[PDB]
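Participant: Take a look at the following structure, please.
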Amino acid sequence: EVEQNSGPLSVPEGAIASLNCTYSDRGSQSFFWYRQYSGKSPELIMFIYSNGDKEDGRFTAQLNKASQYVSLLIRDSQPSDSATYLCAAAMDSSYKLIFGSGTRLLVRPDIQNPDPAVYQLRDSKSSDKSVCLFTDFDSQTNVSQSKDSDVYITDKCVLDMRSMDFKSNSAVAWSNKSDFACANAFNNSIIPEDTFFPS
Amino acid sequence: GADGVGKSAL
Amino acid sequence: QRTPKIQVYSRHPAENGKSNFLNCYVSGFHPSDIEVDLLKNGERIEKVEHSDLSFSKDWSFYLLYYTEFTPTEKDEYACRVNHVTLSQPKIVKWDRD
Amino acid sequence: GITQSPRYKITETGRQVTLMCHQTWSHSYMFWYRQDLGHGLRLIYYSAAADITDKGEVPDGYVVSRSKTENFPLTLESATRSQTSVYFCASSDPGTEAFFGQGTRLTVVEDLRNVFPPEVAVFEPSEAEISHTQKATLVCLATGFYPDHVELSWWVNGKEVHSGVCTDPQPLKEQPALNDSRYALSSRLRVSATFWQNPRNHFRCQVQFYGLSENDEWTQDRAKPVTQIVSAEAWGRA
Amino acid sequence: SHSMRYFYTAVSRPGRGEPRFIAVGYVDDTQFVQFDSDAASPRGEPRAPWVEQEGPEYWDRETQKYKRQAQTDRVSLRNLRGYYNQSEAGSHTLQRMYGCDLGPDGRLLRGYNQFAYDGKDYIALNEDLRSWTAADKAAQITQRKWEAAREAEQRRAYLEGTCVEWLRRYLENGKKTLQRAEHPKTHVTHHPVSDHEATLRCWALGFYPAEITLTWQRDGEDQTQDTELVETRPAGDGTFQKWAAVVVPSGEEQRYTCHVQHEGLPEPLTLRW
């Protein structure tokens with residue numbers, strides 16, 4: 001049985017990020033670290049069988065084996081690296097390879113002079129719907145669930161543009177209700193009051 | 001116990 | 001290639017009329033393919049077991065063939081080995097030394 | 001390489017389903033895994049070499065066999081609500097790195113009629129938005145798709161674009177009744193305002209939906225919800 | 001000192017199908033397991049009593065280890081033939097030897113793992129357990145492959161940890177026979193070589209382990225040049241035999257003394273007839 005660091009972590013500026021896993025059956029001698037993107041199959045980055053620490057480009061790992069705390073960590077972070085990270089170990093007898101509980105990792109990128117705002121988007125004539133989107137805000141800001149039953153709002157998301165060398169976040173809210181107001185739509189704004197509210 | 005960890009190949 | 005060194009002996013000291021084991025021990029030979037038989041007065045004996053194949057530090061193989069017998073003065077016991085390096089089969093009689 | 005036969009599959013409760021797994025590396029070890037985010041990714045069965053199958057942490061309700069050395073099929077005799085998850089088939093040497101395929105997204109439902117494809121629509125940006133930001137953000141919305149077997153892609157002038165694109169990682173339930181809920185998904189596409197003002201460009205949001213197989217019988221008057229692609233289109237104006 | 005040794009041999013037979021694989025395991029000088037690919041029922045067989053009381057799942061796992069290694073070795077044979085681009089109608093032998101020697105402090109003293117092709121040293125794991133030693137140019141190819149694939153880490157992981165665990169377990173499970181030392185039973189005989197010459201033969205039997213030292217000294221002169229020696233031979237019951245002879249002039253027999261050194265004996269013995 002293996003128990004990984006299941007509690008999620010999010011380190012915004014590029015810096016050291018550390019994660020470990022512990023196993024209860026001391027007989028393994030085989031260890032690995034996998035990385036999985038959302039909806040894709042995980043990928044190996046590091047394998048370790050010897051107590052001595054190992055280096056690997058932007059990555060390192062080590063096995064005490066008495067403490068039995070396996071440690072993988074990254075020298076500097078990037079937004080692309082954020083993914084689920086799985087710990088795995090194989091008993092030296094059956095060679096059954098077991099994974100631990102995945103540790104979700106989310107990066108928050110720094111935004112240079114962000115101008116947070118909210119806008120309303122008119123649909124195509126046959127769409128018959130209306131919506132509001134809140135964007136270009138600091139990464140630290142969190143997004144809250146809709147109190148109203150008929151209002152649906154998604155979570156935050158990061159996009160990157162290599163053409164304009166610019167990165168931005170986004171959050172979208174929509175409702176089928178009649179009295180749909182953008183200002184009203186984001187009831188729990190809980191953000192610095194520097195927000196534009198067009199028609 | 002035998003050394004059956006990886007594929008020794010050649 | 002290497003030539004096999006042969007030794008024919010008994011597990012216990014030879015006692016006329018007492019059960020014992022005849023051993024033919026070959027060593028220092030390569031390759032593994034070899035034929036070894038035991039002869040009582042020149043006749044091959046069936047139901048002869050042999051140890052499992054192994055080799056020493058210098059990659060030279062070694063084997064042991066054994067059988068159950070009771071020694072008397074009249075009977076003469078020997079070991080016949082044939083190997084690819086041997087032009088003709090090598091015979092070594094069992095001497096009590 | 002390695003291949004899992006069904007990328008997506010939908011079945012009723014009580015009907016057995018089989019997932020085929022094939023590998024070309026001729027690895028001795030093969031394993032099956034389930035991931036649904038509750039405990040992470042747990043093991044089901046694992047087979048070493050051929051004609052040998054040993055159990056894992058969650059072996060109940062699962063049946064396997066190993067006739068060939070390169071094939072390790074997984075069978076579920078009675079499909080249940082709990083078995084809905086994302087299955088992975090991995091293969092490796094005893095201590096080397098493990099290799100698994102793309103994965104199998106499986107969903108078991110009470111009734112076949114509950115399956116419904118999405119309705120998609122693309123919403124054009126605000127003129128005030130490009131006025132202040134100097135950059136436009138188009139939004140794509142898919143609604144009313146059950147289950148979560150959809151993949152969304154943006155397309156510009158017949159080209160699937162990847163930069164300045166965002167997609168919601170997981171869909172939101174329309175009504176969180178927790179017995180049966182239809183989902184909704186969103187995506188955003190940010191571009192330069194000068195690009196959006198040119199009318200020649202054409203923006204097309206696309207959603208592939210892996211629904212029922214053709215063999216599954218359909219009696220409802222509504223159009224049968226088989227695997228299909230639903231897209232919404234828009235052009236730049238002003 | 002104690003140690004565990006493993007010996008693999010793969011003999012390629014052309015025109016009759018797959019090669020023959022034979023694997024044997026030694027703890028100090030007692031055999032405990034051996035596997036043969038050409039047997040009627042290929043499976044790990046116990047030759048020592050202390051592994052016979054092992055669980056059946058252990059035997060199944062060991063059999064799988066050996067079968068996997070047999071397949072791996074057949075590919076190595078084919079790969080090595082390709083490396084030397086030699087004809088497919090020639091028989092070829094591949095040998096593998098690996099083991100670990102325990103130190104006096106109850107920890108790993110040394111480990112070794114090496115391969116040889118047709119009785120010639122092919123490649124060897126260095127004592128640092130992190131680099132390799134390639135004999136010829138074709139072995140450098142395997143050095144490349146394994147340094148890139150990081151097989152040295154795997155081998156070191158096996159030699160520093162699990163081999164020691166297995167060795168200690170086996171020693172405890174069979175300490176009555178593996179930790180015991182049987183002192184050699186010795187005696188000296190003589191025979192007539194000529195009317196004025198005679199051969200003296202020192203004999204040592206029933207000792208464990210096989211390592212022993214027999215020497216002939218002439219009133220303080222330990223010269224091996226006239227001494228005749230023979231390889232230590234097994235009696236077949238777990239104990240080994242060894243004798244050393246020297247030809248002497250009659251009347252000078254009183255000045256000669258045999259010297260026997262062995263672990264079982266507290267002090268080295270001096271023998272005379």
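Residue numbering restarts at 1 in every chain; chains get A, B, ... in the order shown in the structure tokens, and ligands count up from 1 in that same order.
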Pull out every residue of chain E sitting within 8 Å of chain C, counting only C-alpha atoms, and send them as an NGL selection string.

Facilitator: :E and (7 or 22 or 24 or 34 or 93 or 95 or 116 or 118-120 or 233 or 235-237)

Participant: What are the nearest atom pairs, with distances in Å to one decimal, for all residues of chain B that come at most 10 Å from chain A, using only C-alpha atoms, set out by chain and rising residue number as CSV?

Facilitator:
residue,atom,partner,partner_atom,distance
B:1,CA,A:93,CA,8.7
B:2,CA,A:93,CA,9.9
B:3,CA,A:92,CA,9.7
B:4,CA,A:92,CA,8.8
B:5,CA,A:92,CA,7.6

Participant: Can you pull out the residues contacting residue D:227? Cut-off 9 Å, using only C-alpha atoms, and skip same-chain residues under 3 positions away; I want them as an mmCIF file with C-alpha atoms, in the first residue's frame.

Facilitator:
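To be explicit, this is the file written out as out-v5.cif:
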data_model
loop_
_atom_site.group_PDB
_atom_site.id
_atom_site.type_symbol
_atom_site.label_atom_id
_atom_site.label_comp_id
_atom_site.auth_asym_id
_atom_site.auth_seq_id
_atom_site.Cartn_x
_atom_site.Cartn_y
_atom_site.Cartn_z
ATOM 1 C CA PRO D 117 -25.622 14.962 -27.746
ATOM 2 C CA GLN D 208 -16.811 15.656 -31.136
ATOM 3 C CA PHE D 209 -19.229 13.530 -29.104
ATOM 4 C CA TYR D 210 -18.661 9.776 -28.734
ATOM 5 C CA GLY D 211 -22.180 8.462 -28.145
ATOM 6 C CA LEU D 212 -23.931 5.159 -28.732
ATOM 7 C CA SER D 213 -22.647 2.464 -31.030
ATOM 8 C CA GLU D 214 -24.730 1.811 -34.136
#

Participant: Using only C-alpha atoms, find which residues of chain D lie within 9 Å of chain E and jot them down as an NGL selection string.

Facilitator: :D and (28 or 48-49 or 95)

Participant: Tell me, as number ranges by chain, which residues lie within 10 Å of residue C:42, counting only C-alpha atoms; anything in the same chain fewer than 3 positions away does not count.

Facilitator: C: 38-39, 45, 75-80, 91

Participant: Write the selection just made, keeping N, CA and C atoms, as a CSV table (one decimal), in the first residue's frame?

Facilitator:
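The resulting file, selection_20.csv, is reproduced below:
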chain,number,residue,atom,x,y,z
C,38,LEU,N,30.2,-44.2,-16.8
C,38,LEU,CA,31.0,-45.0,-15.8
C,38,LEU,C,30.9,-46.5,-16.3
C,39,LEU,N,32.0,-47.2,-16.0
C,39,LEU,CA,32.2,-48.5,-16.5
C,39,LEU,C,32.6,-49.4,-15.4
C,45,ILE,N,26.9,-48.5,-17.0
C,45,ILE,CA,25.9,-48.8,-15.9
C,45,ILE,C,24.7,-47.8,-16.1
C,75,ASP,N,36.2,-56.8,-9.4
C,75,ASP,CA,35.7,-55.8,-10.3
C,75,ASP,C,36.7,-54.6,-10.4
C,76,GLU,N,36.7,-54.1,-11.7
C,76,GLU,CA,37.5,-53.0,-12.0
C,76,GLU,C,36.6,-51.9,-12.5
C,77,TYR,N,36.7,-50.7,-11.9
C,77,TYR,CA,35.9,-49.6,-12.2
C,77,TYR,C,36.6,-48.4,-12.9
C,78,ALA,N,36.0,-47.8,-13.9
C,78,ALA,CA,36.6,-46.8,-14.6
C,78,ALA,C,35.6,-45.7,-15.1
C,79,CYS,N,36.1,-44.6,-15.6
C,79,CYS,CA,35.3,-43.5,-16.1
C,79,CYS,C,35.7,-43.2,-17.5
C,80,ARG,N,34.8,-43.2,-18.4
C,80,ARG,CA,35.0,-42.8,-19.8
C,80,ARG,C,34.4,-41.5,-20.1
C,91,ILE,N,39.9,-42.8,-20.9
C,91,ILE,CA,39.5,-43.8,-19.9
C,91,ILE,C,40.4,-43.5,-18.7

Participant: Output as a list in words the set of chain A residues within 7 Å of chain E, with distances taken over only C-alpha atoms.

Facilitator: residues 49, 50 and 94 of chain A

Participant: Can you pull out every residue within 9 Å of residue D:169, counting only C-alpha atoms, but drop anything in the same chain fewer than 6 positions away, and send it as a ChimeraX atom specification?

Facilitator: /A:38-39,155,157 /D:185

Participant: Could you check which of E:9, E:126, E:31, E:165 is closest to chain B, using only C-alpha atoms?

Facilitator: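 Of all the options, E:165 lies closest to chain B.
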
Participant: I need the contact residues of chain A against chain D, so if you could list those with any atom within 8 Å, counting only C-alpha atoms, and return them as a PyMOL selection string, that would help.

Facilitator: chain A and resi 30+32+38+40-41+44+47+90+95-96+98-102+119-124+127+152+154-155+157-162+170+172+198

Participant: Neighbouring residues of residue D:66 were defined as those with any atom within 9 Å, considering only C-alpha atoms; residues of the same chain fewer than 5 positions away were excluded. Please report them as number ranges by chain.

Facilitator: D: 47, 49-53, 71-73

Participant: Export N, CA and C atoms of the chosen residues as a JSON list (two decimals), in the first residue's frame?

Facilitator:
[["chain", "number", "residue", "atom", "x", "y", "z"],
["D", 47, "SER", "N", -1.05, -9.17, -14.83],
["D", 47, "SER", "CA", -0.63, -10.50, -15.32],
["D", 47, "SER", "C", 0.85, -10.45, -15.65],
["D", 49, "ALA", "N", 3.85, -12.39, -17.70],
["D", 49, "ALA", "CA", 4.02, -13.34, -18.81],
["D", 49, "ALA", "C", 2.66, -13.77, -19.36],
["D", 50, "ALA", "N", 2.44, -15.07, -19.57],
["D", 50, "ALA", "CA", 1.18, -15.49, -20.20],
["D", 50, "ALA", "C", 0.52, -16.60, -19.40],
["D", 51, "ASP", "N", -0.81, -16.65, -19.44],
["D", 51, "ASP", "CA", -1.65, -17.65, -18.74],
["D", 51, "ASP", "C", -1.49, -17.56, -17.22],
["D", 52, "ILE", "N", -1.19, -16.38, -16.70],
["D", 52, "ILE", "CA", -0.98, -16.16, -15.25],
["D", 52, "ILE", "C", -1.70, -14.85, -14.94],
["D", 53, "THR", "N", -2.63, -14.83, -14.00],
["D", 53, "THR", "CA", -3.34, -13.56, -13.73],
["D", 53, "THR", "C", -3.51, -13.43, -12.23],
["D", 71, "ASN", "N", -1.73, -9.88, -25.58],
["D", 71, "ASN", "CA", -3.11, -9.44, -25.42],
["D", 71, "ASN", "C", -3.59, -9.76, -24.02],
["D", 72, "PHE", "N", -4.24, -8.78, -23.39],
["D", 72, "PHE", "CA", -4.70, -8.89, -22.01],
["D", 72, "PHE", "C", -6.09, -8.26, -21.94],
["D", 73, "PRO", "N", -7.11, -8.99, -22.37],
["D", 73, "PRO", "CA", -8.46, -8.42, -22.38],
["D", 73, "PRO", "C", -9.03, -8.29, -20.98]]

Participant: To one decimal in Å, tell me the separation between atom CA of residue E:44 and atom CA of residue B:8.

Facilitator: 20.1 Å

Participant: Of the candidates C:3, C:17, C:62, C:34, which one gets nearest to residue C:83 if we count only C-alpha atoms?

Facilitator: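 Among C:3, C:17, C:62, C:34, it is C:34 that comes nearest to residue C:83.
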
Participant: Please return, as a list in words, all residues of chain E lying within 6 Å of chain B when only C-alpha atoms are considered.

Facilitator: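 Using only C-alpha atoms, chain E residues at most 6 Å from chain B: residues 65, 72, 76 and 142 of chain E.
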
Participant: Rounded to one decimal, what separation in Å do you get between atom CA of residue E:209 and atom CA of residue E:239?

Facilitator: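 Here the two named atoms are 7.4 Å from each other.
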
Participant: Taking 5 positions as the minimum chain separation for residues in the same chain, which residues sit within 10 Å of residue A:5 when counting only C-alpha atoms? Answer as a VMD selection string.

Facilitator: chain A and resid 18 to 22 85 to 87 100 to 104

Participant: Could you jot down the atom CA of residue A:176 to atom CA of residue A:144 separation for me, Å, one decimal place?

Facilitator: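 Atom CA of residue A:144 lies at a distance of 19.0 Å from atom CA of residue A:176.
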
Participant: Using DSSP assignments from the backbone, pull out every residue in chain C that falls under strand (DSSP E) and give it to me as JSON, numbers by chain.

Facilitator: {"C": [5, 6, 7, 8, 9, 10, 20, 21, 22, 23, 24, 25, 26, 27, 28, 29, 34, 35, 36, 37, 38, 39, 40, 43, 44, 49, 50, 54, 55, 61, 62, 63, 64, 65, 66, 67, 68, 69, 77, 78, 79, 80, 81, 82, 83, 90, 91, 92, 93]}

Participant: Write out as an NGL selection string all residues of stretch 14-243 of chain E that backbone DSSP assigns to alpha helix (DSSP H).

Facilitator: :E and (49-52 or 56-84 or 137-149 or 151-157 or 163-173 or 175-178)
